[PDB]
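Text of target.txt, listed as compact mmCIF, N, CA and C atoms:
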# COMPACT_ATOMS: atom_id res chain seq x y z
N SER W 1 108.60 90.32 107.96
CA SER W 1 110.00 90.65 108.32
C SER W 1 110.94 89.56 107.88
N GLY W 2 112.16 89.97 107.45
CA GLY W 2 113.24 89.08 107.09
C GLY W 2 113.31 88.96 105.59
N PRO W 3 114.26 88.16 105.08
CA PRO W 3 114.47 87.98 103.66
C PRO W 3 113.28 87.38 102.98
N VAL W 4 112.94 88.02 101.86
CA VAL W 4 111.80 87.76 101.02
C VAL W 4 112.14 86.58 100.14
N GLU W 5 111.11 85.86 99.67
CA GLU W 5 111.24 84.67 98.86
C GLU W 5 111.15 85.06 97.42
N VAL W 6 112.32 85.39 96.86
CA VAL W 6 112.46 86.01 95.57
C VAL W 6 113.18 85.00 94.72
N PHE W 7 112.75 84.89 93.44
CA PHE W 7 113.24 83.85 92.56
C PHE W 7 113.65 84.51 91.29
N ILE W 8 114.40 83.74 90.46
CA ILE W 8 114.85 84.17 89.15
C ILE W 8 113.76 83.71 88.22
N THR W 9 112.77 84.59 87.99
CA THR W 9 111.70 84.36 87.06
C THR W 9 111.99 85.24 85.88
N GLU W 10 111.48 84.85 84.70
CA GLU W 10 111.70 85.56 83.48
C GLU W 10 110.72 84.91 82.56
N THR W 11 109.46 85.38 82.64
CA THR W 11 108.34 84.88 81.88
C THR W 11 108.41 85.52 80.51
N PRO W 12 107.67 85.08 79.48
CA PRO W 12 107.89 85.51 78.10
C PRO W 12 107.71 86.99 77.88
N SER W 13 108.85 87.69 77.71
CA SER W 13 108.96 89.10 77.59
C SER W 13 110.17 89.23 76.74
N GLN W 14 110.70 90.45 76.75
CA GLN W 14 111.89 90.87 76.05
C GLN W 14 113.08 90.50 76.90
N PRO W 15 114.30 90.34 76.37
CA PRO W 15 115.47 89.98 77.15
C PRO W 15 116.06 91.21 77.80
N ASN W 16 115.50 92.40 77.48
CA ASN W 16 115.88 93.68 78.03
C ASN W 16 115.03 93.94 79.23
N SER W 17 113.94 93.16 79.34
CA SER W 17 113.05 93.18 80.47
C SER W 17 113.37 91.98 81.31
N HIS W 18 113.14 92.12 82.63
CA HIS W 18 113.31 91.04 83.57
C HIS W 18 112.17 91.11 84.55
N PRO W 19 111.08 90.38 84.35
CA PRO W 19 109.99 90.30 85.30
C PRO W 19 110.36 89.36 86.43
N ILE W 20 110.76 89.92 87.60
CA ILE W 20 111.08 89.24 88.79
C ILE W 20 109.80 89.16 89.58
N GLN W 21 109.70 88.18 90.50
CA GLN W 21 108.58 88.06 91.37
C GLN W 21 109.18 87.68 92.68
N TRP W 22 108.57 88.16 93.78
CA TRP W 22 109.00 87.87 95.12
C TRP W 22 107.74 87.54 95.87
N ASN W 23 107.88 86.87 97.03
CA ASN W 23 106.74 86.47 97.84
C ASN W 23 107.06 86.87 99.23
N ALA W 24 106.14 87.62 99.86
CA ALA W 24 106.39 88.31 101.10
C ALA W 24 106.27 87.38 102.28
N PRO W 25 106.85 87.73 103.44
CA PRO W 25 106.58 87.07 104.71
C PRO W 25 105.16 87.31 105.18
N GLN W 26 104.75 86.64 106.28
CA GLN W 26 103.42 86.73 106.81
C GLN W 26 103.23 87.99 107.64
N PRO W 27 104.11 88.49 108.52
CA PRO W 27 103.88 89.74 109.23
C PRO W 27 103.88 90.92 108.30
N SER W 28 103.08 91.96 108.63
CA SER W 28 102.98 93.19 107.87
C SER W 28 103.84 94.22 108.55
N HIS W 29 105.14 93.88 108.67
CA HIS W 29 106.16 94.71 109.25
C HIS W 29 106.99 95.27 108.13
N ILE W 30 106.73 94.82 106.88
CA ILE W 30 107.40 95.26 105.69
C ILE W 30 106.40 96.11 104.98
N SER W 31 106.86 97.31 104.56
CA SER W 31 106.08 98.29 103.87
C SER W 31 106.50 98.22 102.44
N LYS W 32 107.59 98.94 102.11
CA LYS W 32 108.00 99.18 100.74
C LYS W 32 108.90 98.08 100.29
N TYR W 33 109.15 98.02 98.96
CA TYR W 33 110.21 97.23 98.40
C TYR W 33 111.00 98.20 97.58
N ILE W 34 112.34 98.08 97.63
CA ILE W 34 113.25 98.73 96.73
C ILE W 34 113.84 97.54 96.04
N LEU W 35 113.97 97.64 94.70
CA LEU W 35 114.80 96.72 93.96
C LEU W 35 115.92 97.56 93.50
N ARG W 36 117.14 97.04 93.67
CA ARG W 36 118.30 97.62 93.07
C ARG W 36 119.01 96.51 92.36
N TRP W 37 119.79 96.89 91.33
CA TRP W 37 120.43 95.95 90.47
C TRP W 37 121.65 96.62 89.91
N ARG W 38 122.73 95.83 89.73
CA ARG W 38 124.01 96.28 89.25
C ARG W 38 124.50 95.18 88.36
N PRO W 39 125.03 95.40 87.16
CA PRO W 39 125.54 94.33 86.32
C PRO W 39 126.83 93.83 86.92
N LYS W 40 126.84 92.54 87.34
CA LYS W 40 127.91 91.88 88.05
C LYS W 40 129.09 91.68 87.13
N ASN W 41 129.93 92.72 87.04
CA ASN W 41 131.10 92.78 86.22
C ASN W 41 132.00 93.65 87.04
N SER W 42 131.61 94.94 87.17
CA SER W 42 132.23 95.90 88.06
C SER W 42 131.32 96.05 89.25
N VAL W 43 131.82 96.76 90.29
CA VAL W 43 131.08 97.08 91.48
C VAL W 43 131.05 98.58 91.56
N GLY W 44 130.59 99.23 90.46
CA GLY W 44 130.58 100.66 90.32
C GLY W 44 129.20 101.19 90.59
N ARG W 45 128.71 102.06 89.68
CA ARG W 45 127.45 102.76 89.80
C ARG W 45 126.34 101.82 89.41
N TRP W 46 125.15 101.99 90.04
CA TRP W 46 124.06 101.07 89.89
C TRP W 46 122.75 101.78 89.99
N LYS W 47 121.67 101.03 89.65
CA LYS W 47 120.34 101.57 89.45
C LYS W 47 119.48 101.04 90.55
N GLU W 48 118.35 101.75 90.80
CA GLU W 48 117.34 101.28 91.71
C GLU W 48 116.01 101.83 91.29
N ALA W 49 114.94 101.17 91.77
CA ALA W 49 113.57 101.62 91.65
C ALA W 49 112.93 101.37 92.99
N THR W 50 111.76 102.01 93.22
CA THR W 50 110.98 101.83 94.42
C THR W 50 109.65 101.32 93.94
N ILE W 51 109.23 100.16 94.49
CA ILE W 51 108.04 99.44 94.12
C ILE W 51 107.14 99.50 95.34
N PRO W 52 105.84 99.76 95.22
CA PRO W 52 104.91 99.76 96.34
C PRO W 52 104.76 98.42 97.00
N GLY W 53 104.20 98.40 98.23
CA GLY W 53 104.08 97.23 99.06
C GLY W 53 103.00 96.29 98.64
N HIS W 54 102.02 96.77 97.84
CA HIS W 54 100.91 95.96 97.38
C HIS W 54 101.31 95.15 96.18
N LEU W 55 102.32 95.64 95.42
CA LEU W 55 102.86 94.94 94.28
C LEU W 55 103.95 94.03 94.77
N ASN W 56 103.89 92.76 94.33
CA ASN W 56 104.78 91.71 94.76
C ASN W 56 105.64 91.27 93.61
N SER W 57 105.58 92.01 92.49
CA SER W 57 106.31 91.67 91.30
C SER W 57 106.70 92.97 90.65
N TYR W 58 107.75 92.92 89.80
CA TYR W 58 108.19 94.10 89.09
C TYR W 58 108.87 93.66 87.85
N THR W 59 108.80 94.54 86.83
CA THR W 59 109.47 94.37 85.57
C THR W 59 110.58 95.38 85.56
N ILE W 60 111.84 94.88 85.57
CA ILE W 60 113.03 95.69 85.52
C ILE W 60 113.37 95.80 84.06
N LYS W 61 113.05 96.96 83.44
CA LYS W 61 113.25 97.16 82.03
C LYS W 61 114.42 98.07 81.84
N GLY W 62 114.96 98.05 80.60
CA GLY W 62 116.07 98.87 80.17
C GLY W 62 117.34 98.25 80.65
N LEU W 63 117.50 96.95 80.32
CA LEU W 63 118.63 96.15 80.69
C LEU W 63 119.30 95.72 79.42
N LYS W 64 120.48 95.07 79.57
CA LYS W 64 121.26 94.55 78.48
C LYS W 64 120.93 93.08 78.40
N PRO W 65 120.92 92.43 77.24
CA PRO W 65 120.74 91.00 77.13
C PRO W 65 122.03 90.29 77.47
N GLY W 66 121.93 88.98 77.81
CA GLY W 66 123.02 88.05 77.97
C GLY W 66 124.04 88.40 79.01
N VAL W 67 123.62 89.11 80.09
CA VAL W 67 124.50 89.58 81.12
C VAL W 67 123.94 89.14 82.45
N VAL W 68 124.82 89.00 83.46
CA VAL W 68 124.47 88.68 84.82
C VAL W 68 124.39 89.98 85.57
N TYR W 69 123.33 90.14 86.39
CA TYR W 69 123.16 91.22 87.32
C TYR W 69 123.23 90.60 88.68
N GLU W 70 123.77 91.35 89.67
CA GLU W 70 123.57 91.06 91.07
C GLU W 70 122.43 91.96 91.45
N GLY W 71 121.47 91.42 92.22
CA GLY W 71 120.25 92.12 92.51
C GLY W 71 120.01 92.02 93.98
N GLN W 72 119.42 93.09 94.55
CA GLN W 72 119.10 93.12 95.95
C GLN W 72 117.74 93.70 96.04
N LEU W 73 116.90 93.03 96.85
CA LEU W 73 115.54 93.41 97.09
C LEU W 73 115.55 93.82 98.54
N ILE W 74 115.60 95.15 98.80
CA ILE W 74 115.68 95.70 100.13
C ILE W 74 114.26 96.00 100.51
N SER W 75 113.82 95.54 101.70
CA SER W 75 112.45 95.67 102.13
C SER W 75 112.44 96.59 103.31
N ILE W 76 111.82 97.79 103.16
CA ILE W 76 111.88 98.80 104.20
C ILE W 76 110.72 98.52 105.09
N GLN W 77 110.95 98.72 106.39
CA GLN W 77 110.00 98.43 107.43
C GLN W 77 109.19 99.66 107.73
N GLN W 78 108.31 99.57 108.75
CA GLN W 78 107.40 100.60 109.18
C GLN W 78 108.10 101.70 109.93
N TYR W 79 108.77 102.60 109.18
CA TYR W 79 109.50 103.76 109.64
C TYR W 79 110.63 103.41 110.58
N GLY W 80 111.10 102.14 110.52
CA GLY W 80 112.08 101.62 111.44
C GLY W 80 113.30 101.22 110.67
N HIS W 81 113.63 99.91 110.75
CA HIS W 81 114.78 99.30 110.12
C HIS W 81 114.46 99.03 108.69
N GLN W 82 115.38 98.30 108.04
CA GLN W 82 115.18 97.76 106.73
C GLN W 82 115.88 96.44 106.71
N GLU W 83 115.29 95.49 105.95
CA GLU W 83 115.78 94.15 105.76
C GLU W 83 116.36 94.12 104.39
N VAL W 84 117.30 93.17 104.14
CA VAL W 84 117.93 93.03 102.86
C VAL W 84 117.83 91.59 102.46
N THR W 85 117.47 91.37 101.18
CA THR W 85 117.39 90.09 100.54
C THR W 85 118.40 90.23 99.43
N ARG W 86 119.30 89.23 99.22
CA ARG W 86 120.33 89.34 98.21
C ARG W 86 120.31 88.11 97.36
N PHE W 87 120.65 88.29 96.06
CA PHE W 87 120.59 87.26 95.05
C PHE W 87 121.37 87.76 93.87
N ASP W 88 121.35 86.95 92.80
CA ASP W 88 121.74 87.36 91.48
C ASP W 88 120.68 86.83 90.55
N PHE W 89 120.53 87.46 89.37
CA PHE W 89 119.71 86.93 88.30
C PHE W 89 120.46 87.13 87.04
N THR W 90 119.99 86.43 85.99
CA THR W 90 120.54 86.55 84.66
C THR W 90 119.43 87.01 83.77
N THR W 91 119.80 87.86 82.79
CA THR W 91 119.00 88.19 81.64
C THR W 91 119.71 87.51 80.51
N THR W 92 118.95 86.83 79.63
CA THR W 92 119.50 86.02 78.58
C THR W 92 118.63 86.26 77.37
N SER W 93 119.25 86.16 76.17
CA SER W 93 118.58 86.31 74.91
C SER W 93 118.93 85.05 74.11
As structure tokens, please, write out the structure in this file.
Amino acid sequence: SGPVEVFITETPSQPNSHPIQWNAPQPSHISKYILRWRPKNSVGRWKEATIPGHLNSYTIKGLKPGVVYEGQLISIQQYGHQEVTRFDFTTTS
């Protein structure tokens, strides 16, 4: 439970790809992860994916190079509440 330990990782891949990694808390009160991301320019329409709870990393593909995204890793609980982790990351070429 609570905000996840998520970092701006970008291991050798494409600049259109962004392999983020997060590290979970110790209680198993968190089930799913949703990653959502919006290019931090406008605050308009944005994208999301749903990542399973066993996977602690995700590759956000189909992005633009050299742009800043604001990203949120929302962690849904066991049919209850949901927690929100907020950050920004950069994709760079």
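Proximity ranking of W:7, W:58, W:89, W:69 relative to residue W:33 places W:58 first, based on only C-alpha atoms.
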So that all listed atoms of stretch 5-17 of chain W fit with 6 Å spare on each side, what axis-aligned box centre and edge lengths in Å, to one decimal, would you give as lines of an AutoDock Vina configuration file?
center_x = 111.9
center_y = 88.8
center_z = 87.9
size_x = 20.4
size_y = 22.2
size_z = 35.6
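Atom pair atom CA of residue W:84 / atom CA of residue W:4 has a distance of 8.3 Å (rounded to one decimal).
Note that the spacing between atom CA of residue W:46 and atom C of residue W:8 amounts to 20.3 Å.
The nearest approach to residue W:30 among the residues W:48, W:70, W:10, W:83, with only C-alpha atoms taken into account, belongs to W:83.
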Practice task
Would you mind telling me which residue in W:71, W:45, W:76, W:92 lies nearest to residue W:1 when using only C-alpha atoms?
Solution key: W:76
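With atom CA of residue W:68 on one side and atom CA of residue W:35 on the other, the separation reads 15.5 Å.
Remark: for residue W:39, the closest of the candidate residues W:67, W:24, W:87, W:82 is W:67 (distances computed over all atoms listed in the file).
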Name the residues in contact with residue W:56 at a cut-off of 8 Å, using only C-alpha atoms, excluding same-chain residues fewer than 3 positions from it; report them as a PDB file with N, CA and C atoms, in the frame of the given file.
ATOM      1  N   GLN W  21     109.700  88.180  90.500  1.00  0.00           N
ATOM      2  CA  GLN W  21     108.580  88.060  91.370  1.00  0.00           C
ATOM      3  C   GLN W  21     109.180  87.680  92.680  1.00  0.00           C
ATOM      4  N   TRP W  22     108.570  88.160  93.780  1.00  0.00           N
ATOM      5  CA  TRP W  22     109.000  87.870  95.120  1.00  0.00           C
ATOM      6  C   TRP W  22     107.740  87.540  95.870  1.00  0.00           C
ATOM      7  N   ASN W  23     107.880  86.870  97.030  1.00  0.00           N
ATOM      8  CA  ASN W  23     106.740  86.470  97.840  1.00  0.00           C
ATOM      9  C   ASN W  23     107.060  86.870  99.230  1.00  0.00           C
ATOM     10  N   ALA W  24     106.140  87.620  99.860  1.00  0.00           N
ATOM     11  CA  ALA W  24     106.390  88.310 101.100  1.00  0.00           C
ATOM     12  C   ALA W  24     106.270  87.380 102.280  1.00  0.00           C
ATOM     13  N   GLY W  53     104.200  98.400  98.230  1.00  0.00           N
ATOM     14  CA  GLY W  53     104.080  97.230  99.060  1.00  0.00           C
ATOM     15  C   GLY W  53     103.000  96.290  98.640  1.00  0.00           C
TER      16      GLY W  53
END
Exercise for the section: Within chain W, find each residue whose DSSP state, derived from the backbone, is strand (DSSP E), and express the selection as an MDAnalysis selection string. Expected result: chainID W and resid 5:7 18:23 30:39 47:51 57:60 67:77 82:91
For the selection you just gave me, I'd like the residues written to a file as a compact mmCIF listing (two decimals), in the coordinates of the input, keeping N, CA and C atoms.
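Generated output (part-v1.txt):
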# COMPACT_ATOMS: atom_id res chain seq x y z
N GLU W 5 111.11 85.86 99.67
CA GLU W 5 111.24 84.67 98.86
C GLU W 5 111.15 85.06 97.42
N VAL W 6 112.32 85.39 96.86
CA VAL W 6 112.46 86.01 95.57
C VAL W 6 113.18 85.00 94.72
N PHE W 7 112.75 84.89 93.44
CA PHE W 7 113.24 83.85 92.56
C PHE W 7 113.65 84.51 91.29
N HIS W 18 113.14 92.12 82.63
CA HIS W 18 113.31 91.04 83.57
C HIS W 18 112.17 91.11 84.55
N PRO W 19 111.08 90.38 84.35
CA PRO W 19 109.99 90.30 85.30
C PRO W 19 110.36 89.36 86.43
N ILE W 20 110.76 89.92 87.60
CA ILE W 20 111.08 89.24 88.79
C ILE W 20 109.80 89.16 89.58
N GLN W 21 109.70 88.18 90.50
CA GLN W 21 108.58 88.06 91.37
C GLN W 21 109.18 87.68 92.68
N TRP W 22 108.57 88.16 93.78
CA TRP W 22 109.00 87.87 95.12
C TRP W 22 107.74 87.54 95.87
N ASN W 23 107.88 86.87 97.03
CA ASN W 23 106.74 86.47 97.84
C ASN W 23 107.06 86.87 99.23
N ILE W 30 106.73 94.82 106.88
CA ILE W 30 107.40 95.26 105.69
C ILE W 30 106.40 96.11 104.98
N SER W 31 106.86 97.31 104.56
CA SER W 31 106.08 98.29 103.87
C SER W 31 106.50 98.22 102.44
N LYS W 32 107.59 98.94 102.11
CA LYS W 32 108.00 99.18 100.74
C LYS W 32 108.90 98.08 100.29
N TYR W 33 109.15 98.02 98.96
CA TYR W 33 110.21 97.23 98.40
C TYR W 33 111.00 98.20 97.58
N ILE W 34 112.34 98.08 97.63
CA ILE W 34 113.25 98.73 96.73
C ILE W 34 113.84 97.54 96.04
N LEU W 35 113.97 97.64 94.70
CA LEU W 35 114.80 96.72 93.96
C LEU W 35 115.92 97.56 93.50
N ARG W 36 117.14 97.04 93.67
CA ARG W 36 118.30 97.62 93.07
C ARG W 36 119.01 96.51 92.36
N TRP W 37 119.79 96.89 91.33
CA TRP W 37 120.43 95.95 90.47
C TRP W 37 121.65 96.62 89.91
N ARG W 38 122.73 95.83 89.73
CA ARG W 38 124.01 96.28 89.25
C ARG W 38 124.50 95.18 88.36
N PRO W 39 125.03 95.40 87.16
CA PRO W 39 125.54 94.33 86.32
C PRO W 39 126.83 93.83 86.92
N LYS W 47 121.67 101.03 89.65
CA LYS W 47 120.34 101.57 89.45
C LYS W 47 119.48 101.04 90.55
N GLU W 48 118.35 101.75 90.80
CA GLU W 48 117.34 101.28 91.71
C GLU W 48 116.01 101.83 91.29
N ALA W 49 114.94 101.17 91.77
CA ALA W 49 113.57 101.62 91.65
C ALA W 49 112.93 101.37 92.99
N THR W 50 111.76 102.01 93.22
CA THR W 50 110.98 101.83 94.42
C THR W 50 109.65 101.32 93.94
N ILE W 51 109.23 100.16 94.49
CA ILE W 51 108.04 99.44 94.12
C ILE W 51 107.14 99.50 95.34
N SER W 57 105.58 92.01 92.49
CA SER W 57 106.31 91.67 91.30
C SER W 57 106.70 92.97 90.65
N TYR W 58 107.75 92.92 89.80
CA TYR W 58 108.19 94.10 89.09
C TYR W 58 108.87 93.66 87.85
N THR W 59 108.80 94.54 86.83
CA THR W 59 109.47 94.37 85.57
C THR W 59 110.58 95.38 85.56
N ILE W 60 111.84 94.88 85.57
CA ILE W 60 113.03 95.69 85.52
C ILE W 60 113.37 95.80 84.06
N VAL W 67 123.62 89.11 80.09
CA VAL W 67 124.50 89.58 81.12
C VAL W 67 123.94 89.14 82.45
N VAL W 68 124.82 89.00 83.46
CA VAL W 68 124.47 88.68 84.82
C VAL W 68 124.39 89.98 85.57
N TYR W 69 123.33 90.14 86.39
CA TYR W 69 123.16 91.22 87.32
C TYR W 69 123.23 90.60 88.68
N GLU W 70 123.77 91.35 89.67
CA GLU W 70 123.57 91.06 91.07
C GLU W 70 122.43 91.96 91.45
N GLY W 71 121.47 91.42 92.22
CA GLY W 71 120.25 92.12 92.51
C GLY W 71 120.01 92.02 93.98
N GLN W 72 119.42 93.09 94.55
CA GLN W 72 119.10 93.12 95.95
C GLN W 72 117.74 93.70 96.04
N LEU W 73 116.90 93.03 96.85
CA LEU W 73 115.54 93.41 97.09
C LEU W 73 115.55 93.82 98.54
N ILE W 74 115.60 95.15 98.80
CA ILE W 74 115.68 95.70 100.13
C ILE W 74 114.26 96.00 100.51
N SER W 75 113.82 95.54 101.70
CA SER W 75 112.45 95.67 102.13
C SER W 75 112.44 96.59 103.31
N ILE W 76 111.82 97.79 103.16
CA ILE W 76 111.88 98.80 104.20
C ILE W 76 110.72 98.52 105.09
N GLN W 77 110.95 98.72 106.39
CA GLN W 77 110.00 98.43 107.43
C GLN W 77 109.19 99.66 107.73
N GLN W 82 115.38 98.30 108.04
CA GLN W 82 115.18 97.76 106.73
C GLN W 82 115.88 96.44 106.71
N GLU W 83 115.29 95.49 105.95
CA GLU W 83 115.78 94.15 105.76
C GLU W 83 116.36 94.12 104.39
N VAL W 84 117.30 93.17 104.14
CA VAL W 84 117.93 93.03 102.86
C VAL W 84 117.83 91.59 102.46
N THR W 85 117.47 91.37 101.18
CA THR W 85 117.39 90.09 100.54
C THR W 85 118.40 90.23 99.43
N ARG W 86 119.30 89.23 99.22
CA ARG W 86 120.33 89.34 98.21
C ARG W 86 120.31 88.11 97.36
N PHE W 87 120.65 88.29 96.06
CA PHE W 87 120.59 87.26 95.05
C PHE W 87 121.37 87.76 93.87
N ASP W 88 121.35 86.95 92.80
CA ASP W 88 121.74 87.36 91.48
C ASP W 88 120.68 86.83 90.55
N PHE W 89 120.53 87.46 89.37
CA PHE W 89 119.71 86.93 88.30
C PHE W 89 120.46 87.13 87.04
N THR W 90 119.99 86.43 85.99
CA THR W 90 120.54 86.55 84.66
C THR W 90 119.43 87.01 83.77
N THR W 91 119.80 87.86 82.79
CA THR W 91 119.00 88.19 81.64
C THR W 91 119.71 87.51 80.51
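The smallest atom-to-atom distance between residue W:32 and any of W:47, W:54, W:61, W:86, using all atoms listed in the file, is found for W:54.
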Exercise for the section: Write out as a ChimeraX atom specification which residues come within 8 Å of stretch 12-14 of chain W when counting all atoms listed in the file, dropping same-chain ones fewer than 2 positions away. Expected result: /W:9-10,16-19,65,91-93
